[PDB]
Amino acid sequence: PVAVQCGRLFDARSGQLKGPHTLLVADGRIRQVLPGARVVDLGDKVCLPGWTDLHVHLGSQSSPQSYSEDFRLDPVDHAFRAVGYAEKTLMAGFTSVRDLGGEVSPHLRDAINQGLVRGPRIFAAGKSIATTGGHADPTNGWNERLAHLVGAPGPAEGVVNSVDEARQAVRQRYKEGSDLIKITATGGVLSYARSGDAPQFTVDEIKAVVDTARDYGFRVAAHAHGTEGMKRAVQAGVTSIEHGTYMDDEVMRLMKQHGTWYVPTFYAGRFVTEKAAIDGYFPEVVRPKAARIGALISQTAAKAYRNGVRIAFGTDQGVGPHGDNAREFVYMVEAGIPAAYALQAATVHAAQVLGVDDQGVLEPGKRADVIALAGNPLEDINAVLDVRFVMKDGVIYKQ
Amino acid sequence: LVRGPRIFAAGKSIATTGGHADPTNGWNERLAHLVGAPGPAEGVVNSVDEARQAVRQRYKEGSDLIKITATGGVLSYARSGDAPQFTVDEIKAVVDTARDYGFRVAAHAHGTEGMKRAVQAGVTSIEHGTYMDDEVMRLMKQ
Amino acid sequence: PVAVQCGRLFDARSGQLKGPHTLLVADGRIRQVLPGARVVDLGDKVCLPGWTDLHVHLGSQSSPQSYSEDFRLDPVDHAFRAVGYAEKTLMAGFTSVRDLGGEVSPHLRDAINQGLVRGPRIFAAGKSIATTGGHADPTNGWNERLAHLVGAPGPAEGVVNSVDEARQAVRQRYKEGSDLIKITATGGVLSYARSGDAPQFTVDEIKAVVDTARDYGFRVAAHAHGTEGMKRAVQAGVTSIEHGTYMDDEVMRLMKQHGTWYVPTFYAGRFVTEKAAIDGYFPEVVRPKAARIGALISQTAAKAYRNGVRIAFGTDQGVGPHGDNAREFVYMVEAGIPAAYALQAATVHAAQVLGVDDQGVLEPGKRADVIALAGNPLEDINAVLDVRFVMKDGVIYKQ
Amino acid sequence: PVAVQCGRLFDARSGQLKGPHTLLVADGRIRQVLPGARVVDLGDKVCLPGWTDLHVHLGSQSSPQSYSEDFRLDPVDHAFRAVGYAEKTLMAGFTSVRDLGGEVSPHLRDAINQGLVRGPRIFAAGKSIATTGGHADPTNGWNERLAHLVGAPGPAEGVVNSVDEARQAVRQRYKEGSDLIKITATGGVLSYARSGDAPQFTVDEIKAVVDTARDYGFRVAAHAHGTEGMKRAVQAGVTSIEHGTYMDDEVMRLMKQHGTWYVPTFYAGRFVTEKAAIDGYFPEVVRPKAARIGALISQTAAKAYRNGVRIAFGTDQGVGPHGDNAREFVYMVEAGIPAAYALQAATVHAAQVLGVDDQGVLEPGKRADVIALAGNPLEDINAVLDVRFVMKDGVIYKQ
Ligand SMILES: N[C@@H](Cc1ccccc1)C(=O)O
Ligand SMILES: N[C@@H](Cc1ccccc1)C(=O)O
Ligand SMILES: N[C@@H](Cc1ccccc1)C(=O)O
Ligand SMILES: N[C@@H](Cc1ccccc1)C(=O)O
Ligand SMILES: [Zn+2]
Ligand SMILES: [Zn+2]
Ligand SMILES: [Zn+2]
Ligand SMILES: [Zn+2]
Ligand SMILES: [Zn+2]
Ligand SMILES: [Zn+2]
Ligand SMILES: [Zn+2]
C-alpha cells in the first residue's frame, strides 16, 4: 500500500495530459486515483502507464556473427543473454511485451513470473508457423547433409502444407504453453531464402489456422510484405499485420472494414537499411532484400495512418538492440503521427491488440504499471529517452 | 487365472494433440524428441482419416468399445480444463467408423461446446457433464 | 587503481592475523602491500582473501520435487535458477568454485567470463564419468520403455566399461570444454540405485582415466564412500577424494604417502541426515542409504585430521542451499579443527588443490579477490556468516 | 506371538527326527524352542523347516504352444500366469525359491515383498548371460527379417563375446535389480540351436564374469551339459553347476577340491524324456537333443553322489508343472540318496548355496518358515506329497 504523488498525469483513454494527481496502490492494483502508506514523490515528473511493445524477440539480437549461431550456440547461452535483454527492456519503461517467435521466451516468462529474474510481462507466441521454404522455416540454407540428418520439418517443427497439418501445428503450439499464434504469410528479409514478398500461404491454410486458434482462445499475428499474402491474411481473419510493406488501397479498405491492427516497426526497417551498406554484415542473399525492403516502411505507415488504418506500437527488437525501443516513438512523430496518438498506441491500443482489459490506463481496478519521465513528451518527443521511475505490479524497479 | 468382474474394455483413449488423453503432455523436449509425435497408432488424431485409422487400430488390439476425450480434463498435465478439442467432422468420423465394427462411443466432456459437438455427432454416453446447460440437455433428451 | 585500507589483515601463508594494512589494486591484480587514487576504508573490519569452495553443483538444488525434474524440466529452466544460485554464492564471500558435475556449469562459466551475469570464477568438470549402473549413470531408475528409447549410455554420455572407453570419455570431456575430470569410484546416497558404497571401478579403468587426463593437463577428483573403491582411486593416482566416508588406517597411510587431498563435505552429510527423517522427501530406495551414511562424515573427517591427512574446503552445495557454504566452517571448528586451519584450507590449500598459483594469498602479482568480515573469525567462527565487503578481480561487488 | 506344538520335529543340522517340541514365533523369527499366546496344534504331524527350490522359472511353464509365445504374448500375460504359479509353489511347501532366468521374476519378487500377491521368497537372477548363438540367446531361431529388425544382441540384452562385454553385462544385471548371476556355459536341450553340449564360453570370459560379480556381491550359477564347458566353469570359480550331464572323474575331482555345489534336476530330465516320445510336442531341432540328453541325469547324479560331490535340491520347474516340485524328492530317494540327505539338501544345504544364514534350521533368531507333513518322510518318502501346514515369516498360509 503506497501513495504516488505525480506532478502531471497522462490520460491514455482521452489522450490528454492532466495536472497533479495521487495514486493509491494496494495488492498490485491501482486502488484509487485522487485529483490534486509510503509516499513516492514524483511531483516534478510526468507520469504515464507502462508501455507495451507488441513485437520483440527476446531470445536473440542481431550481430555480425548471427548467421552461424544456429550451428555453434546452445539454448542455454541464449537464455543467459536473454536475462540481460529482459532487464534492459524493463528498465527502458516497457512493463509488457509480446514475443513473436523463439522457443526460449516461454521459459523466460515462467522464470520472470516465479521471481527468479527481472523483466517485463511476456505474452509469448513460441515457434512461428510457416510452410516449406518459408520465412520461418528452420532449415533454410542448410546443405544436403545437415538437412538429411534433420529430415523434412513437419507440424511438430512448425512447418505445414495442408489444413490438417495447420490444425496439428496450432494444437502443438498450445501443447507447449504458447499464449498466441504467429504465422509468416509471405517471404522475409532476414531469412536464407530467395524471395522476400511472395505469397507462401493459401487462404484455406490460413482459415484453418484461425479457426483452430479460435477454439483455444488464441489470437493470430501475421508477417506479410507482399500484397497478395497480406490480402489473404486479412481476409482470413488475423488480428494484426506485421510490417505491411507493400500495402495498397484495396488492402487498406479491407483492413478498415475488418478491424485488423497494423504494426509498422519503423526501427527494424531503418536498422536493416543501415546495416546493408556495411560489406559482409549480411549474407549475399539477404543484402539485396534488405536494401530494397527496408526503405519503404515509413512511407507505407504514413500513408496508412492518413487513410484511417488502426496502428499499434511495435518495434521488432531482436533486429535492433534491446533497450532502445523508445526511439520508435521519435520515428513515429517524424513520420507525421501526433505524439499523443503515439503514446496511445503503446498504452491503450496495445491492450486492445493483446485482448486484455487489466492494463493500459491508470484507472482503479487495473494493474499498477507506472512510469515517469523528466520532461513532457507532448512538446519534445525525445523526453521518452529519459525514463526516471519504473514500477510494475506495484513493485518499484527504478526510482 | 484370476478372480474379478466381467470387463468391457475400451483400450487406449482417442485424443488430439495436447488433449486430455495425450500420453506425452508435460514431457520435456528431450523425452518428447526420443518419443516422437504420437500418431493414430498411439491414439492421437488430427483429421478424419487419422480418426478412422485410430478406431481400426483399437479394433486390432481387441477393444470392446471406443473412448474419446472431447474436451480438456482435470488430471491431465495441460493448461486447459474444458476447452473444445475435437471438431464435429472428427467426432463424426469416429462414430461412423465405430458403427462399422459394432462399437459404442463414450465421450469425456467438461465444457459446453465440446459436449454439444459430441452429442450432435452421435456418441452413446457423456462423461462428467460438468458445464451442461439447457440447450445441451434438450439435445441429449431428443 | 584503488587502495583498500584494512584495520586487520589475515595472512593465509602463515595463518596469523596481522595489523593495519593498505593494498594497492591495479589492473585486476594485487600490486603492493603497505604495513600500517580512490580509497576504500574497512578500518573496523577484518580483511581476508576470497574463499574457494571445491565442491559445488551450481546447476541444481535439492528439493522435494528433485526426483522428477529429469522428466519435466529443460536445461534453460536450470540456467535461469543457476543465475540466482551463482549470484548468492558470490555474494556469500566465495569468489571461486569447483563445479563437480553438470552440463550447464561450463556455459555459466563462459557467461560469467563474458560479463553477462555475476558469479564466482568457475572451474567446471562437465559430465561425471561412471560405469554401467554407477552412481553418476544418467539412466538409473528409468523403466524399460524410456531406457530402450534412449539406449544404453556409452563413453559420449560418460559411461565406461573398459580402458579404451575411459580414454574416449576423457577425450570427450576435453572436447566439451572441461577444466578437470570427475569419477564416481563407488556407489552413492542420492542415486536411484541399490548400493551405497560398493566398488564400481577397476584399477585398470581408473589408471587409464588418470593417464589420459594427465596428457590433457587435467586433475581427477573421485567421489568415494566404500573402502575398496577409495583405496583403488588413491592407488591409481587421483588428486582428491570426496566424502571419505569409510576411510581406515590403511587408506590413511596410502593418502599420506601419495599426497592425496581429502574433502569431507560436512554440510552434505548433515543435510541428508536431517532430510532422511522426513517422510516422503527422498524415494524409498534412497532413504535408508542417506540415514546410514550421513551420520559418519564428521567422525571420519576428525579422525582423518588427527592422523595428518591433508584436508581442503568443500561443501557439496546443490545438496544443501546455495549461499550457505560458510556454515561448513562452523562444522569444521566444532569437530576439532582450528579456525586458522579451516580458513587456510579454503584459501591457500584450495589453490594447491586447483593447481593454480595466481590466487589464495594477498600478495603482489596475484588476483585481487578480497573479502571482509565484521568480526574476528579466530575468536568466534560465526563471524564468517556476515560478509560485508566482496571484491573479485579488482571489481567491487559488495561494500 | 504364537506357539506351535509339533508332535515330532526334524533337525536339519543333524538329520535326525526328534520328539515333541514347542516353537515360540514372534516378530517373524523363531524365538525359543521347548523340548516336549495363541496355540497351533500339530501333535499328529511332523514339523520341518520350509523347503527351498534352487532352480525354478516362475515366468514360464512348458506346453505344446510354448515355442510361439515369444511372438504372440506380452509380459503382462506371463505375470498373470506367474501369480498362480507362485501361489501353487508356496502352497506345495516351498517358502523360498531361486529363479534362474526371466525378466518378470524380479517384479514378482517385489510384488510379493510388498504383499500384493502370495508366494515364496524369491532370489532372482534376471536375464541369463550367454554368447552369440548360445543356449540363452533370445534371438536363436528367428528369420532374417525379424533378426534384422531387432539387431544383434549385445551386453544389455545379455549376449557377450569378450571380457569387457562380460563386465558390462554383469553391471547391467546389477542395474536391473538382480540378486545373482546366471550363465550358460554350454548348449542346451530346449533352445532353438543345433548343439546341446558344445563349449560356448572361454576361460577368460567366465573369469571376467566371476570377478565382476564378486565386486557386487553376487554368486554365479552355470548351466552345463558338456564336460569341456563344465570344466571351464568349475575352474573359473562358479558357485554351482546345473544338470551336470556329462560329468566325469576329472570334473568330479575339480568340484570336490573347489567346493562347488551340484544341482542335478531329476524332474527336468524325466519330463523332457517323457515329452520327447510325443509327436509334434517339441520342434524337430529340439526332439533328438531331448531324447539323447534327458535319460542320463539320474545315473550321473547317483554316481556323483557316490564320489562325495556336494548335492543341493533343484528341479527346473518351468519345464515341469509348478507345484509338483516335491516329487523330485522321490526321484532322489530311488536313485540311492537317503531321505535324510534329500531333506537336508533342501533345507540346510540350500541356505549354504544361497549364501544366507537366516533360514534353513528351526533355531532361535532365524526366520519362521515352518511346514508340516501328515506322515513320516524318513520311512516313506511319498509323505512329502501331502503338506498340511505352511507358515512363512510368522504368517500362516495353510493350516
Ligand atoms: N523481421 C523482418 C525485418 C524487417 C522488418 C521491416 C522491414 C524490413 C525488414 C524480416 O526479416 O523480414
Ligand atoms: N477423470 C476426470 C476426473 C474428474 C471427474 C469429475 C469431476 C472432476 C474431475 C478428469 O481428470 O477430468
Ligand atoms: N553426493 C553424495 C552426498 C553425500 C555426501 C556426504 C555424505 C552423504 C551424502 C551422495 O549422494 O552420495
Ligand atoms: N534347461 C535344460 C532342461 C534339461 C535339464 C536336465 C536335463 C535335460 C534337459 C535345457 O534345456 O537344456
Ligand atoms: Zn516479421
Ligand atoms: Zn519479427
Ligand atoms: Zn473423464
Ligand atoms: Zn559425491
Ligand atoms: Zn557431488
Ligand atoms: Zn539349464
Ligand atoms: Zn533352467
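The residue numbers shown here are sequential, starting from 1 for each chain in the order of its written sequence. They can differ from the numbering used in the entry, and residues that have no coordinates are not displayed. Labels follow written order: the first chain is A, the first ligand is 1, and so on. Reported quantities concern only the chains on display, which constitute a fraction of a larger assembly. In computing side-chain properties, one takes all heavy atoms of the structure into account and sets aside hydrogens as well as water.

Per the deposited record, determination of this structure is attributed to cryo-EM, with the resolution reported as 2.50 Å.

A. Up close: the overall build of chain B. Only runs of H or I of at least four residues qualify as helices and only runs of E of at least two qualify as strands under DSSP, and these elements are numbered from the N terminus. Along chain B, the regular secondary structure elements total 5 helices and 3 strands. Start at the N end of chain B and walk to the C end: the helices and strands fall as α-α-β-α-β-α-β-α. Taking 142 residues into account, the globule formula puts the C-alpha radius of gyration at 14 Å, and chain B, at 15 Å, falls close to it. Buried, partly exposed and exposed residues are distinguished by accessible area as a fraction of the type maximum, computed with a 1.4 Å probe on protein chains only: under 20%, between the cut-offs, and over 50%, respectively. Here chain B, with 142 residues, has 49% of them falling under the buried criterion. Put simply, 59% of the contacts in chain B that link residues at least 6 apart link residues at least 24 apart. If you sum the accessible surface of chain B, you get close to 7,500 Å²; carbon and sulfur atoms cover 49% of it. When charges are counted, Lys and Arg are positive and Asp and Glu negative, with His and the chain ends excluded. Taken as the charge centre is NZ of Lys, CZ of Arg, CG of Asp or CD of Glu, depending on the residue. The positive charge centre, built from 17 side chains, and the negative charge centre, built from 17, are 6 Å apart in chain B. Our radius of gyration is a C-alpha quantity, and the globule rule it is checked against amounts to 2.2 Å times the number of residues to the power 0.38. A contact between two residues is defined here by any heavy atoms of the two lying within 4.5 Å. Here the Shrake-Rupley method, with its probe set to 1.4 Å, supplies the accessible areas, and only the displayed protein chains count as covering residues.

B. Structural context of the site of ligand 2. Residues and elements named next belong to chain B. Around ligand 2 sit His20, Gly73, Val74, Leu75, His108, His110 and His128, and that is every residue in its neighbourhood. Two N or O atoms count as a polar contact when they lie within 3.5 Å, although within protein this holds only if one can serve as hydrogen donor and the other as acceptor, and sequence-adjacent residues are included solely when both atoms are side-chain atoms. For ligand 2, an oxygen atom lies 3.0 Å from a polar atom in the backbone of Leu75. Here an oxygen atom of ligand 2 sits 3.1 Å away from a polar atom, N or O, in the side chain of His110. In isolation ligand 2 exposes 330 Å². Once the protein is present, 60% of that is buried. For the shell around ligand 2, the class distribution of residues is 2 nonpolar, 5 polar and no charged. The nearness test applies per residue and asks whether one of its heavy atoms lies within 4 Å of the molecule or strand. Each residue gets one of three labels, nonpolar for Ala, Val, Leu, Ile, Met, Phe, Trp, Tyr, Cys and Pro, charged for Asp, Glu, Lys and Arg, and polar for the others, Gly among them.

C. Here's a closer look at the coordination of the zinc ion (ligand 8). Residues and elements named next belong to chain C. Here a donor is an N, O or S atom found within 2.8 Å of the metal, or within 3.2 Å if the metal is Na, K or Ca; sites may look incomplete because water is not among the atoms. Around the zinc ion (ligand 8), the protein supplies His223 (ND1) and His243 (NE2) as donor atoms, at distances of 2.2 to 2.3 Å. The distance between the zinc ion (ligand 8) and the zinc ion (ligand 9) comes to 3.5 Å. Of this pair, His223 sits in strand 10 (residues 220-223) while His243 sits in the loop between strand 11 (240-242) and helix 8 (249-258); the two residues are 20 residues apart in sequence, bridging distant segments of the chain. Its relative accessible area of 6% is what places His223 among the buried residues. Taking the relative accessible area as the measure of exposure, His243 reaches 8% and is therefore buried.

D. Representation of the packing of helix 3 (residues 88-100) of chain B against helix 4 (residues 112-121) of chain B. Residues and elements named next belong to chain B. Inter-axis angles, ranging from 0 to 180 degrees, are taken between N-to-C directions of lines fitted to C-alpha atoms, where helices are fitted over the stretch in contact. Closest axis-to-axis distance for the helix 3/helix 4 pair is 9 Å, and the angle between their directions is 40 degrees. Put simply, helix 3 runs oblique to helix 4. Two packed elements cross with a definite hand, and for helix 3 against helix 4 that hand is right-handed. Across from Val88, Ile91, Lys92 and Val95 in helix 3, the residues of helix 4 making contact are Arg117, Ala118 and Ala121. The labels follow the angle: roughly parallel below 35 degrees, roughly antiparallel above 145, roughly perpendicular from 65 to 115, and oblique for the rest. In this scheme the handedness of a crossing depends on how the near helix is turned from the far one: anticlockwise by less than a right angle means left-handed, clockwise means right-handed.

E. Looking closely at the state of the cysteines. Residues and elements named next belong to chain A. Here, two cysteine sulfur atoms that lie within 2.5 Å of each other are counted as a disulfide. Counted according to the given criterion, the structure contains 3 disulfides over all chains. With a sulfur-sulfur separation of 2.0 Å, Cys6 is cross-linked through a disulfide to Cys47. One disulfide, between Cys6 and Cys47, carries an S-S torsion of -75 degrees and so falls in the left-handed class. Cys47 carries the same exposure label as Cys6, and that label is buried.

F. Geometry of the packing of aromatic side chains. Any two of the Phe, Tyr and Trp rings considered here, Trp counted by its six-membered ring, make a pair once their centres fall within 6.5 Å; the pair's planes then place it as stacked at under 30 degrees, edge-to-face at over 60, or tilted in between. Inspection of every chain in the model, using the stated rule, returns 31 aromatic pairs over all chains. Pairing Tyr281(A) with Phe282(A) gives two aromatic rings, centres 5.1 Å apart and planes at 85 degrees, and the pair type is edge-to-face. The two residues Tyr281(A) and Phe282(A) agree in class, both being buried. By the criterion adopted, a ring carries a charge over it if an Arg CZ or a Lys NZ lies within 6 Å of its centre and within 35 degrees of its normal. Seen from the ring of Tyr281(C), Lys275(C) lies directly overhead, with NZ or CZ sitting 5.8 Å from the centre.

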